[PDB]
Structures are given as structure tokens and as C-alpha cells.
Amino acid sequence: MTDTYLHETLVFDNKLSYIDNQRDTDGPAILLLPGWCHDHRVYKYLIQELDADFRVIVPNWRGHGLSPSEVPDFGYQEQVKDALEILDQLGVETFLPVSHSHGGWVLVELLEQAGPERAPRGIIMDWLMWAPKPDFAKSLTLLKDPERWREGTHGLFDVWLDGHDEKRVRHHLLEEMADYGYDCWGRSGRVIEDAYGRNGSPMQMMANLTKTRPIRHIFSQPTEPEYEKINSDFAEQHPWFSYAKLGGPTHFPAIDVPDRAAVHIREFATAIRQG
């Protein structure tokens, strides 16, 4: 169980929980970043793949964890500050950040603020690279609505599961996210909607980094050729960008193909170790 490595510390004004396996090994540390309205539990299978060979840190955001709570409004900028304060307390210098879906807003901002010495590379998992399509835009609006947020979550679950009876992913969505409420989901809708509005898209944000550096997008969904093409076109244009289609069933490769996620993370960690 990953609750063996679970800690809690005061980060500015808020008590945050975090995973830290405290492995005595060569860097970089692997910094696993949750998306919105879930926690380290998403990474329990991936932690198992990496545990022996890497120091593994998983911050939980304000109001997130085994016992969710209401907190004052914050966004991805604050997530960045919280992450860096945790790393500072732990004495971690070099790290490889790895995000799930909209944890990517945090990862890209973290690359900017931490710089390429501390954060030389990044891995983004299953993160919608294009601007919101009508269906996704509709989901965000429902999440923001105090009357319809739960309907919003159900619609997203349908999409993420993509018609698969995936035991582990279902357990995560239906049990491990069950305690999260409008305070989180509405916030996630406001933050993500604004992130797209202000930064245009994940691809725009990444291209606008002061110091571009190796980033790989590893994803299972969406499955359509048109999505593969935008990743391929971006990779043609930018030497520092690469991708891999993982062929996993759901939006949660960290859960359904953790072995595959781990080989990409290991490749990037090895590259860092060698200069």
C-alpha cells in the first residue's frame, strides 16, 4: 500500500498531504502531479512500477486527499508554488515532473518557474492538446453549475471510460473520487476554462516557454486519427516535442497501462542522469 509513504506538512497556510517514498538513490526525483479532484491514489500502480529505482513524490492539492475539504479559491499558479515548497522542504533539487490530464497546467508552469537546470524534461499524460470541442466545453459549464455539477462528472466518466468495463479505472472514478464535491469540481471548471482562455492551448503554452526542453505527450485517448495528426504536426515543428500513443483503453494510463507509462518515465530519467 502507498499509504506507507503518505505524509502531511504545512505549506504556507494549508496542511497538504503528499507521497514520498524517501528512496536513497541518484536523482532526478520523479514528481507525479495529479489532475483536479483526485489524489495520489490515481498513481498507486505507477508508484509500484517505479518505487525501487526512484525517489517518488506525489503532492496533493489544497482540499485534496483521503479527506477532501473546502478551501479558498486557487488555480494552477498556486499549485506550482505548493509543489515547489514541498520540494524545498524535502531538499529535492533536480526532478522530472509527470502530469495526468489538467495537471499539465501545473507541469508546464513548473518548467517555466523552476527552470531547465532543476526541471530539465517533462512527461504529460493524456492531456487534451486542442482547444475545447463542443462536448468538453459543455462538460466544463456543467461542472461550474451548482445544480448540474454531478451530471457534468457523469458525462466525463462516460468519455474517460470510452465504453470499457475497466475495473481499476471504474474503482478510481466511482470510489476514489466519490468524496469530492462542487467545491472541487466547480473550481476545476473555472480554472481549466480560464487556462484554455488565457493560454490558448497546452501546445501554445508549451511553445511559449522561455526555455524549451524535452517534453513527451503519452496518451491513450482520444483515439481518432485527427488527434494523432495534431501531435505529429507539433512534433514535426518542434524538436523538443515527442509523443507516444499507448493504446490503453481509458483516459487513465497511469492505472490501466502503468508498465507502459513507467518505461517512458524511465527513459526520460535515464536521459537526465546521462548529462
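Residue numbers here begin at 1 and follow the sequence given.
- In this entry, 131-139 shows the higher mean Cα temperature factor of the pair 131-139 and 196-204.
- Comparing 246-254 with 58-66, the higher mean C-alpha B-factor in the PDB entry belongs to 58-66.
- Considering 172, 150, 164, 100 together, the PDB entry gives 150 the largest C-alpha B factor.
- Between the residues 222, 239, 27, 34, it is 27 that shows the highest Cα B-factor in the PDB record.
- Per the PDB record, residue ranking by Cα B-factor puts residue 47 in the middle third of the chain.
- For residue 85, the recorded CA temperature factor ranks within the highest third of the chain's modelled residues.
- In the deposited entry, the Cα temperature factor of residue 269 sits in the bottom third of values across the chain's modelled residues.
- Among the modelled residues of the chain, residue 126 sits in the lowest third by CA temperature factor in this PDB entry.
- Split the chain's modelled residues into thirds by C-alpha temperature factor. Residue 181 is in the middle one.
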